[PDB]
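Chemist: build me a model:
(2 chains)
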Amino acid sequence: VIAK
Amino acid sequence: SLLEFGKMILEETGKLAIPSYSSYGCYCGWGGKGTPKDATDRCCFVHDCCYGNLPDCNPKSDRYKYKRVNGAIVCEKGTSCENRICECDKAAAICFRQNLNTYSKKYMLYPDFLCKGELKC
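Modeler: Residues are numbered from 1 along each chain as shown, chains lettered A, B, ... in the order given. Below is the structure:
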């Protein structure tokens, strides 16, 4: 799960 | 891919990539402009710049494989994009750990208009  | 970078973040810093790193400063999560506001924000800047040197790869969706020898991150062989996406992510996570001690909550959900200026990679 992460970021742009 | 984001699935590996986030697991890598979590393993490294203890913090969840979302929300800790998805909308921090000017470059963590939506990078485009401004002066990075701190060490953690500079890590994201160097990270965005790392992805930037690979215009023909797909960082968010291409999966790579990595292992830990002891604490160390070691990128396993894959396609050339995968090895290089893995190297950029390894860097960011180390960079995040090395600056945990200055991580500031005031830079969470940082507003866009406060990010002024181009900075070059």
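Chemist: now do the same end-to-end measure for stretch B:23-32.
Modeler: Using C-alpha to C-alpha, to the nearest Å, one end of stretch B:23-32 lies 13 Å from the other.
Chemist: typed the wrong thing, it's stretch B:67-85
Modeler: Criterion C-alpha to C-alpha; first-to-last residue distance in stretch B:67-85 is 15 Å.
Chemist: same check on stretch B:55-72?
Modeler: Stretch B:55-72 has its terminal residues 28 Å apart, counting by C-alpha to C-alpha.
Chemist: and the contacts of it?
Modeler: Contacts to stretch B:55-72, defined as C-beta atoms under 8 Å, 6 or more residues apart in numbering or on different chains, come from residues A:3-4, B:1-4, B:8, B:11, B:51, B:73-76, B:78-79, B:81-86, B:88, B:90. From N, CA and C alone the C-beta is placed, and that goes for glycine too.
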